[PDB]
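Trainee: Once you've seen the sequence and the experimental structure below, I've got questions.
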Amino acid sequence: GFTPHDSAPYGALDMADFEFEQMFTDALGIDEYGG
Amino acid sequence: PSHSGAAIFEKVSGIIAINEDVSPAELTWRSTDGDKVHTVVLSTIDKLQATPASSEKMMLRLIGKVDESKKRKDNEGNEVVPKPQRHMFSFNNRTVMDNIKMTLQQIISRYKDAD
């Protein structure tokens, strides 16, 4: 027995993931040539 | 430490441990000593994103795979998959990133090749 009493995934809002995801969008040029 | 390294998760200094020995192959991370834990399995994540070598940020984020062409139906017919869930964490060592990155690259490739 174990039920969640507190949990708010949408409680920690931050716009850092946006600017952070930008520097986190395809940062590798080792694509193409095969698979 | 080809499958182990130290990385900051949830903006909280910690360490990472890769479980490539297990069939599902997953990456488990825990705080440095904050009785905290964070584990992710490819089964939910089928992509990893890391920074360039020239950079000095040493960090990578993993995607919680999307069903752009695997979505399920409900009744409307549009059949779409909920909003994907990805995670992002930073490294604190040159080998730590490459050791695991090279690891995830294979596993991701494994789960990416199957699909």
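Mentor: In hand now; what should we look at? Numbers count the residues shown, from 1 in each chain, chains lettered A, B, ... in the order given.
Trainee: Alongside chain A, which residues does chain B contribute?
Mentor: Chain B comes close to chain A at residues B:49-52, B:55, B:57, B:59, B:61, B:88, B:113, as judged by Cβ under 8 Å from any Cβ of the partner chain. C-beta here means a position set from N, CA and C on the backbone, and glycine is covered the same way.
Trainee: Among the residues you listed, which ones are in helices?
Mentor: Counted as lying in helices by DSSP state H, out of these, are residue B:113.
Trainee: quick one: the helices in chain B?
Mentor: Along chain B, the stretches classed as helices by DSSP H are B:94-114.
Trainee: Tell me what the residue nearest the centre of it is bridged to.
Mentor: The centre of chain B sits closest to residue B:62, judged by Cα atoms, centre = their mean, with a distance of 3.7 Å. Residues in a beta bridge with residue B:62, per DSSP bridges, are residue B:48, residue B:87.
Trainee: Out of the residues of chain B next to chain A, give me the two with the largest separation.
Mentor: B:57 and B:113 (28.7 Å; Cβ to Cβ).
Trainee: Which of the two has more residues huddled nearby?
Mentor: residue B:57 (15 against 8; other Cβ atoms under 10 Å in any protein chain shown).
Trainee: Quick one: residues contacting the more buried one.
Mentor: Applying Cβ atoms under 8 Å, 6 or more residues apart in numbering or on different chains, one finds that residue B:57 lies in contact with A:23, B:51, B:90.
Trainee: Which among those residues count as buried?
Mentor: B:51, B:90 (16 or more other Cβ atoms under 10 Å in any protein chain shown).
Trainee: now, which of the contacts of residue B:57 lie within strands?
Mentor: Applying DSSP state E to the contacts of residue B:57, the entries found in strands are residue B:90.
Trainee: Return the closest of the contacts of residue B:57 with respect to residue A:6.
Mentor: Among the contacts of residue B:57, and counting by Cβ to Cβ, the member closest to residue A:6 is residue B:90, at 27.0 Å.
Trainee: Please name the nearest non-neighbouring residue to that closest one.
Mentor: Nearest residue to residue B:90 in three dimensions, chain neighbours excluded: residue B:59, at 3.7 Å (Cβ to Cβ, 6 or more residues apart in numbering or on different chains).
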